[PDB]
Structure formats: C-alpha cells, structure tokens
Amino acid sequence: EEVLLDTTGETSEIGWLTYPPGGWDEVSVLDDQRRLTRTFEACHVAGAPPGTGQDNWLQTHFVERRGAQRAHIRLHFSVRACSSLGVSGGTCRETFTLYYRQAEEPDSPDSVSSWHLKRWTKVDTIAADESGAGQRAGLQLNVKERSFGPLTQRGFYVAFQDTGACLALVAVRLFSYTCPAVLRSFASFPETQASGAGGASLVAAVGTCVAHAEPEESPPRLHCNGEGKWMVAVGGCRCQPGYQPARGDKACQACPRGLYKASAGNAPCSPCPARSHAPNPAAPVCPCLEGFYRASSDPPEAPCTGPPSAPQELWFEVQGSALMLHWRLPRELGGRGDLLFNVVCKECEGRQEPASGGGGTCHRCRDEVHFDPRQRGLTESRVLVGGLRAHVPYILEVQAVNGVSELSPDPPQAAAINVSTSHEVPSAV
C-alpha cells in the first residue's frame, strides 16, 4: 500500500477549489480524538424551493502519480437524509458522483487553471449505507472505496460532484497497492506496482536467483495481485552443489564440514561416505583419505575403496601336458569385489659354470605357453599353464588388482612360487 494523498496528515496538504464559488464550503472541526480536521460541505438543497438545480464541484490539488498504475480512493463522509429537510420533493438526492482526470503537468499557472471545462472521467456515483450538515461523532461516518483505470501520465486530479445532496466530505485517502519485494522459491522478486487495469488482472514479475542458486531447467517468475499479494508462481531457482536450502525456499547455505551435496537442488547435505572427509564447508564431494580412491563407476556418494593385498596360498598340480596354478583370495580386498588376477611367467636360468652370485637369467616366458582361460584378467583363483618345458625351471607370479589401482599404483601387490615340472626315483628306506 503506497499513499498518494492523505487528509489525516501534515494538517491536510490542501490547495483545493470549488467550481461554482461557494459550491463547496470548507468548515474545520475537532474529530472524535483531539485533532484538527479540514472538511468540505455542500448543502445547498435547503435554498430556493425549486432548487434552481445543483451542480457544485470540488477539485483536489494535482496529485503526483508517482508510479501507481491503478489508484484506489477511500472516502469518509456524512450525508443528511432528505426526509429531514425542508419540503424538497424531487430535487433532493442522497448521493454524489466522483471523477478523475489526468495531467502531465499541474494545471497551467493562473492562465488555464479554471478547470471544470476539462474532460472529467466518471468513476462511480456513491451512496451512503443508511440505517445543515455536520459530523456529530455518532458514527454517521460512511466509508466507501472505489478505483480508477490505468494511470499513465505524471499525475491526476480528483473531483467531487454534488447534485442535490446535503454532504460533508471528512477524509480522503488516495493510494495504490504494491506487492512487497520478497524471497520466494529461492529467488528474489522486486517490489511491484500496478494492478493496472483492475481487479482480476495480474502484473508479472521476474526473479533473480539468490546466493548460490541456479535456474531449474524455468527462469523464475511471480505474479502481483490487484491488492498487493503474490499470486501463484512459475519457475524458481534451486540451490547449487555444496549448498543446501536454509530459512526455507529463501536462501542457500553452504554444507557444514563433513557434509556434502553432489548435485542439483533443493535437497539437504548428507554426511560423507566411508573413507572420505569433507574438511571444509560447501563440499560438492568428500575426497578420499590418503590411500583410498573412487573408481570410474563410483558416484560421489560411494564410499572410497582401496587396492587389494597379495594372493595367498599358491600351489600347483600337473594334468597331462600342462600344469594348473592355484591360489586363494587376498587377505585385504579394499572393500570392493571387482578383484581380478594377472599371472606373469619367467623362465629362470642359473647356477652353472658362470654367475655364482645370483646368476639366474630370468627372462619372461616365450610365446608358446598359452594359459588356458587368459593369463591376464582372471576372476578365478586358478589358471592352467600351457606349453612349459621339461626341466627348465619357471617362476610364476600372481598379481591382484581391482577397480581402483588405475588410481595409484604403487606396483600391484603380488605373490610368486618356484615351480619345477617332473619327478622321479621312488622312495626307498
């Protein structure tokens, strides 16, 4: 609610006039509580019995329009009943009508400002809610309200017409309704004017995302009712990663330490998954502790995991022209079950005439040893080893790996076993 003219303020703020001189009369009184009150009266009806007709106007000072598009007016007034006056069959009324006119400049100093020939626009005729003049303080004081269609010039005048009533204007209040600036739906909306055209019409208002918000792909919008309230919205922003709603649809606050928020929007932060920390606020993800990782496939809400330890309990057995390597699971799997194994083969030479200080050649196997499923990428703790030579001594190493350890190797954890093919000379004691 934004005031453009109030009679109960700074004593009246009055420069008004009356078209037929003496048509309206300013009479000042004391109101129910203590206060000087400028009021205007028109009761010519008690004059000549023909009346000779009544057309007595009362015009305001130029009202600046400030930004209002739709002016509301609130009148307080007494009206004397026609039954309670001299014999005034016909000529007496109990109503007055109400007008406005627009101007972009106050009325033309002294050289046009006898108005009344200017095009006045009618607003409505007003009547009292019944059951000279003068407010007695018996709450004969009627209150009525009306409003004027769109205001576009710099200001306006308002005029009052008495055509046979015994009237006492007591108070006038000219205002417009405004919608307050507000935080709604994670956005800010400005103070917004304007019914404009009248009661049903709305005025559309654009919002900006508050601290740490984004649109909801939708860029926000909110609508200003003709009485200053905010009718229903479209769109709205959402909070940002690392930020959660706070004070309710109204702001976004950073996650506290040890919490995070991966993603989109109006959703509270959640505490860090296993083996991660959020050392600081506004965390979008909790990084893993030293020695732990998250795989390609791991979302930020996954716990962090680690690479495996070495395979255990290597052993083997011969089956025809080939040899089967066996082992068991690592004692530490890092909290993931995408464990798979890799086997390396080495043919080792060694202790003969030269190189008596660790003299094993230990090259890798030839291209004629094909391991039965794969040699690399095994999910099972076994492999069949193909074409390895008769007395040549081999060494078979088994590496463990899982879905991290792309992420840091240190070299993969491993185990190996000395292996020699054939056996002879039965036991004699």
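In case it trips you up, residue 1 is the first one in the sequence shown, and so on.
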- In this entry, is the chain continuous from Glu104 to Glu105, or are deposited residues missing in between (none, 1 to 3, 4 to 9, 10 or more)? none
- Task: Check the entry and tell me how many residues of the deposited sequence have no coordinates between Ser131 and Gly132: none, 1 to 3, 4 to 9, or 10 or more.
- Result: 10 or more
- Tell me which of 10-18 and 406-414 has the higher mean C-alpha B-factor in the deposited entry. 10-18
- Query: Comparing 235-243 with 107-115, which stretch shows the greater average C-alpha B-factor in the deposited entry?
  - Reply: 107-115
- Query: Out of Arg382, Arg65, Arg374, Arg364, which residue has the highest Cα temperature factor in the PDB record?
  - Reply: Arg364
- Note on the structure: Residue set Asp338, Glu313, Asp124, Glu216, per-entry CA B-factor max assigned to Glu216
- Message: Using the temperature factors of the C-alpha atoms in this entry, rank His44 within its chain: lowest, middle or highest third.
- Response: middle
- Chain-wide C-alpha B factor ranking for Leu75, given as lowest, middle or highest third: lowest
- Cα B factor band for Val369 (lowest, middle or highest third within the chain): highest
- Among modelled residues of the same chain, the CA temperature factor third for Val425: highest
- Task: Grab the CA temperature factor for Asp32 from the record and place it in the lowest, middle or highest third of its chain.
- Result: highest
